[PDB]
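For this one, two forms of the same chain are given in structure tokens, first as structure 1 and then as structure 2.
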Structure 1
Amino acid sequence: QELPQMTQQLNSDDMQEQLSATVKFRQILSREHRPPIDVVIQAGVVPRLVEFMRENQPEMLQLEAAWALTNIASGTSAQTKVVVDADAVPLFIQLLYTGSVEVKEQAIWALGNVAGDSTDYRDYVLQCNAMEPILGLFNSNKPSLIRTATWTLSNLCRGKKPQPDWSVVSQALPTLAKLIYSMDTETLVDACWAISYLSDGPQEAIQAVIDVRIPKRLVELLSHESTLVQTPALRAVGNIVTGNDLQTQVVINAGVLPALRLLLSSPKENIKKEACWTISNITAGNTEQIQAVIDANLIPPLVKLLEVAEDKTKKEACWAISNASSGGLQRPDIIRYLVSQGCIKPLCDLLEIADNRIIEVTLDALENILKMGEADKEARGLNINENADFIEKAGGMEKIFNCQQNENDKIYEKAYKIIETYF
């Protein structure tokens, strides 16, 4: 259409024509569905647009050109590659330092799409030292800019395989710690995602998150009126409790248990699922933390979900109760408590799920219950294992016996031993 003329105008030496042309390119690219990215790329104007972002170029030109490149980078890795190979990244970064506010708003968005393309482009942007100028944007007192920068910042932290350069992304913790206190929902959401990414890693990363005192706030955000905030905050909390017993205790001390208790009755199924997931990693802790969960009255509602929640959630509830049962070896009463709360019936019923990882998890729990029951019997001269009688009455014996027919050897081995040992 105008593209042929637009291309010629863009390469013109007249600046009025360059700007008119750049704006048209920005306009045709501003489409959410099926943007004319390839047509613009093939017009061969990317290097020219990148050229308009140079430091001494007219402001409007830098602005429109960066905006256009921003949307080209919003495409596939192939289309994004064109922008990157044209050396646009280092220019986006410099614009973050010298550009007018409007210009910076384009540049940071562009960096957001580039870093969000893949681990390599994420690393590339980090290698170009984008972190420093980016963290600087949070002192702008500019909402729109901060929102985009928070998002961009999260893409720089995102990715577990490969994990981003920790020595660089860790630099953003102090900033993220303050951002989760923002009243702007949009910024808060992205800050929480960023944090969940940084929290998703080695012991030192979780510890760095704990050291800046982020957990206290994450727990409070679990009750934020929007699930858009609850989801990431809960994710960050969950990732943190995948840490050691000490790190996990910090989260417990920040009062996560009562909060999780409320999440167990959330209207959103994924919230209930992740709340159980989070509890499962706490009951995977030491004796005291398993007891803390017990004292926080999480078992009853956990048992309820185990019996009536959607499968994905039930599986998570199963992990929690099962990890908790592993503590009975050190404290039998934990098993007595679990059984008194009716975990046996739901656990057995779950033996028929189409997930072997869960069958194993359930068989282990039932065995932890069987062992305690056996020890109690041995302890006080009885000849009947009370918990074995409970399992049989719950129809669990028949189900366990059937797991022996599972093609999975591990399942088979577990079921067999349980049957021959307690039944």
Structure 2
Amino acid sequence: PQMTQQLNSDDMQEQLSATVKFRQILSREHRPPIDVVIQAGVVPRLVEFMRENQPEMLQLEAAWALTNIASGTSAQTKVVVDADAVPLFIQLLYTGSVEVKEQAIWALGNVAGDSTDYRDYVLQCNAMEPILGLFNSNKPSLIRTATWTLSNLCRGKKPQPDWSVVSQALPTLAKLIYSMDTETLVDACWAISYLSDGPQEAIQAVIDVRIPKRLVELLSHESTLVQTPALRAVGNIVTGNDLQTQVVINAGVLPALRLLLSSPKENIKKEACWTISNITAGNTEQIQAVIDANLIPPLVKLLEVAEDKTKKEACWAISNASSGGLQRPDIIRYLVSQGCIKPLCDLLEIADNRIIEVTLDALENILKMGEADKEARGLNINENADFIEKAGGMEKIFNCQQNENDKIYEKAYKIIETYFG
């Protein structure tokens, strides 16, 4: 109350000393007295020190303090939001000095990252314009926070943000990924992964502003804090059509993916398998490109010795590629020569029913090519059938006939009767 007194005081030097105090108590590494401060009702008073007529130093501390109040539970954040502090935060980006903008931008970050509605709210307030205007500055600390806040405005796919509004950030974002600053590179990539999570139009917008080429470079960046969101972003782009996928291929994404398949991080290998599977779902030339990049050997090993979540992803990648054998038979002969059959069978006794369905499709494609070759050449046996039997795979396809799922039994039945009569 000695502090609160100096805050509600009319003395100019007292109101600043009191602001400095509330700031520091909320700037503590340990558990900040967030609720004790709100209890004093000093919120709207600090919102009042963010108005044009306040000294540069009183706005700096007032905003700083108000930022660490929004960085708390949704409730502590709503206390600041309803004290009509948002529009005053935005204006401060237009009128405050650098030090002051750094405080207001950060606060807009916590408010936007609290929920899809506070996000839409900050955007309705037209904060995009002044935020993008901030990057005409050279202060790395200011750039970092602005990229993070910008990040939170693109985030959220359930209630998706206004696209005619957030797509405006792309140009800025395309320049940002050429930054040498690690932290900045992290938030720029997150923002881009959010934006890339949309339809074919979004993806194409990310491509038109020329982001793919640098994004691929970032896959081999030193820090895994950069790689994760960059990988996700490159991943979303290949969920697009064949032409869009080709752009990422021409940027050299494949050699980069080969490196990521040996990543000490397990979730990076998983997302790299995922990414490759969407590339093998492409056309003949793209599947052939995956093969040339030497991606199958390390993808086959993962199918046999890795966390079940990764094995699944690897399964899709190889299964998708096998469907390419109809237009180019060497594709399947190649997968087989690399030993995909054993790791494929060994995955038939897994819990997931959709993976089993995808595994069985691969095996059938392999059995089919095996049959065409038998007839084309002068062979007496379907060689891929033997490989499967010797790998104990025929016994498993046999058990699948007693799986409650319909599609599974019906397919496991077609195989047995057609290739193992």
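For clarity, a rigid core is taken as the largest C-alpha set superposing within 1.5 Å between two forms. Residue numbering: sequential along structure 1, first residue numbered 1.
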item	value
Rigid-core fit between structures 1 and 2, the member of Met60, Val46, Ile358, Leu29 whose C-alpha shifts 2 angstroms or more	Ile358
Size of the rotation between structures 1 and 2 [smaller rigid part against larger, C-alpha superposition, degrees]	12
Distance moved by the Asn383 C-alpha between structures 1 and 2 (core-aligned, Å)	8.6
Core-fitted comparison between structures 1 and 2 - CA shift at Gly201, Å	1.2
Cα displacement of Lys304 between structures 1 and 2, core-superposed (Å)	0.8
